[PDB]
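Before any questions on binding or motion, here is one chain by itself as structure tokens, the form deposited in one PDB entry.
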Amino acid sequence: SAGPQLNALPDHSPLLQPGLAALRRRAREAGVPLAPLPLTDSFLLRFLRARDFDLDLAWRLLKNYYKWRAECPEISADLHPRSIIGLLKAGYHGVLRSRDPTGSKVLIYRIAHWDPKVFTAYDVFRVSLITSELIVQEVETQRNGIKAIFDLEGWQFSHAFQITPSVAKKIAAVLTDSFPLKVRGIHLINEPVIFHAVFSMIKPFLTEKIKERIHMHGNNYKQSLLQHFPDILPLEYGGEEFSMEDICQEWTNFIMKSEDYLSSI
């Protein structure tokens, strides 16, 4: 249980240096790229915290992160938000202002606001990557992980058509062992009945990384979603203070302010 205690330290604690040294030596040895991603303490700590300072797992995650980036150029080859600013303006995606009861950052995606005649699955994936790279900078998010809510109202066949076996593989990767964020929960709301039926059959065979972390609320989601996310949801989902539009505009603004950092990858 040393791991979670190391996670709880600030980045400048000398106690994190043994793990950082051990990981940086493994990275260097396997010939990790020099390409505009510096192996700073703060960067490397993301991987250590994601795997509670288990060095072998932090290293495997780091390698898989590099592998995933190399394997998905149409997502990862340019992180400047200029390519997806329409999706953001359309209201596809926002991050809640407040954390949930266990301190997780909460992400919301709205499928009705993705026009598949305009944006590909890879554009939409680029949105998640951008957000991920931003939120991972907060040490509390590294410690407490994330939850994502997918509002599937208006899910159409044109959306489903974009999820090929290749896209499915890339989705599983980022949820499991290819990005330095702990996915503590995946919530679907307003999703078609077919999701439940499939899930009831495949659930027992899923990786334990996600198996017990998937919650499908269906159309009657208000009460159940509220139990997981009290006092932090937008008006549209049963919250009290701000609209989803406010959240989307606030997150969009933050992305644009970070445009040079995003490019610098």
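Just count from 1 along the sequence shown to find any residue number. Note that the rigid core is defined as the largest set of C-alphas that superpose within 1.5 Å between two forms. Residues that one form lacks are left out of the comparison.
FYI, the form deposited in another entry isn't displayed, but the following is about it.
J.: Fix the rigid core, compare C-alpha positions between this form and the one not shown, and report which of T40, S200, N219, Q223 shifts by 2 Å or more.
T.: Correct option: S200.
J.: Work out the direction of the Cα-Cα change for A197 and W114 in the other form: closer or farther than in this form? It's 3 angstroms or more.
T.: Distance between the C-alphas of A197 and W114: shorter in the other form, by 3 Å or more.
J.: Please check whether, in the other form, the CA atoms of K169 and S200 lie closer or farther apart than here, given a change of 3 Å or more.
T.: The answer is closer, because the C-alphas of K169 and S200 approach each other in the other form by 3 Å or more.
J.: Residue runs between this form and the one not shown with every C-alpha shifted 2 Å or more, at least 3 long, rigid core fitted, in sequence order please.
T.: After superposition, only residues 193 to 206 shift as a run.
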